[PDB]
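In structure tokens, one chain follows: the form deposited in one PDB entry.
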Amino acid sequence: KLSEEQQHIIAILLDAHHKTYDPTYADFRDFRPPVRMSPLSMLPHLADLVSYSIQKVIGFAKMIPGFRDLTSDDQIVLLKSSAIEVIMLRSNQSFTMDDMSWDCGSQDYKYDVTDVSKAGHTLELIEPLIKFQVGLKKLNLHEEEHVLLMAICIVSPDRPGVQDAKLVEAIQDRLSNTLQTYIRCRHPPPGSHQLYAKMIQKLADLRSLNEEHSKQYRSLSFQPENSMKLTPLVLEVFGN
């Protein structure tokens, strides 16, 4: 029961996602190698992974209908504030509930709770992060719901620093309408309502994970020997 406009929105987002996500994980061989050992031995590899992913988030966001028609300032604010949330969402594709890990084609590129620890983060982030990944995986989202959720996350009108909040809200409302209609096409009530509510809660969970990651990133990047291990893009996007 999707309108032509709603189908059009979904088609654009699926195209944007397929252009900005490579499921073979070929580029992972180009990062600084993982090392499981010296404090922060996984920070170089995981910083390169996050930096690479920020580029993908930017490439996806620029295809969201209307996003490039916002001011450059609002585009920058939206990407700086949502990048970490979208990375957490995008990572769920390779997350497996057997062993609470992220598999990316090889044993070198399989990440667990310990690797995130070896990038500098503590359990106050890692525990709720794993809980989020488990709750998201059990939703068994279709790719259509996945790309809509990431797009909704990016065009959030309540981000600090947004000037044209009404314009941002206009985009998000169209994405939300499309997601709700897609859910209704697949599920009768009340399962329709329960699934959408759980998706809303996951967006709320991501905001809490954002805050905690920001706290720990500020504590980590404050030390110049830690910032030395990051990338220029990570410093620019996550900075100030």
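Just so we're on the same page, rigid core means the largest C-alpha set that superposes within 1.5 Å between forms. The first residue of the shown sequence is 1; numbering continues from there. Only residues modelled in both forms are compared.
What follows is about the form deposited in another entry, which we do not show.
Q: Only one of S176, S192, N210, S51 crosses a C-alpha shift of 2 angstroms between the shown form and the other one, counting 2 angstroms or more, core aligned. Which residue?
A: The one that moves 2 Å or more is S192.
Q: Over in the other structure, so in the other form, do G191 and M97 pull closer or drift farther apart at the C-alpha level? The difference is 3 angstroms or more.
A: Note: Cα gap between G191 and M97 shrinks in the other form.
Q: Flagged pair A165/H193: C-alpha distance shifts by 3 angstroms or more in the other form. Which direction, closer or farther?
A: Relative to the displayed form, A165 and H193 move farther apart in the other form - a change of at least 3 Å between their C-alphas.
Q: Looking only at residues in both forms, which consecutive runs of at least three have C-alphas displaced 2 Å or more between the shown form and the other one after fitting the rigid core?
A: Residues 186 to 193 form the sole shifted run.
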